[PDB]
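What follows is calculated from the coordinates using simple rules that are stated; it is not laboratory data. As a convention, Cβ positions derive from the backbone with ideal geometry for all residues, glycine included, and neighbour counts pool all protein chains shown.
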Amino acid sequence: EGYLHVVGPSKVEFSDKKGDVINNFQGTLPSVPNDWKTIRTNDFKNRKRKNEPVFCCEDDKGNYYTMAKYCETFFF
RNA sequence: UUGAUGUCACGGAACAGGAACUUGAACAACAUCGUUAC
């Protein structure tokens, strides 16, 4: 039994340079959701081994958003 | 609220002394954000 430490989705990297993990995609990446408790994961950084998931994104401009951190913490 | 036979109060400048002063280039490069894996 214990408390849940939930801080939200962070560890985000945003740019316009079209980095390596935003390019290796399956096309038509979605736009930015308006609230949390809704942002789910989209792709994997490693594809042969099911390692760390990511979330590639976009907006009305050419800003590319990638995000790690698929977990929260819990102290008991 | 006066008292008578005697009021120059128009008989008297609120006047005389004290620096809103001292100190200050409209200028500029290194990051921000947190977790993943056994």
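Details
- Computed over the Cα atoms of chain A, pair by distinct pair, the Kirkwood hydrodynamic radius stands at 13.8 angstrom.
- Computed FRET value (nearest 0.05) for A:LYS37 with A:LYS17, which takes r as the C-beta separation and R₀ as 25 Å: 0.25
- Dipole size of chain A about its Cα centre, with +1 on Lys/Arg Cβ and -1 on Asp/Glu Cβ: approximately 400 debye, rounded to the nearest 20.
- Here the Karplus relation 6.51 cos²θ - 1.76 cosθ + 1.60, evaluated at θ = phi - 60°, turns the backbone of the range A:56-64 into coupling constants of 7, 8, 6, 8, 6, 8, x, 8, 9 Hz, with x for every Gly and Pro.
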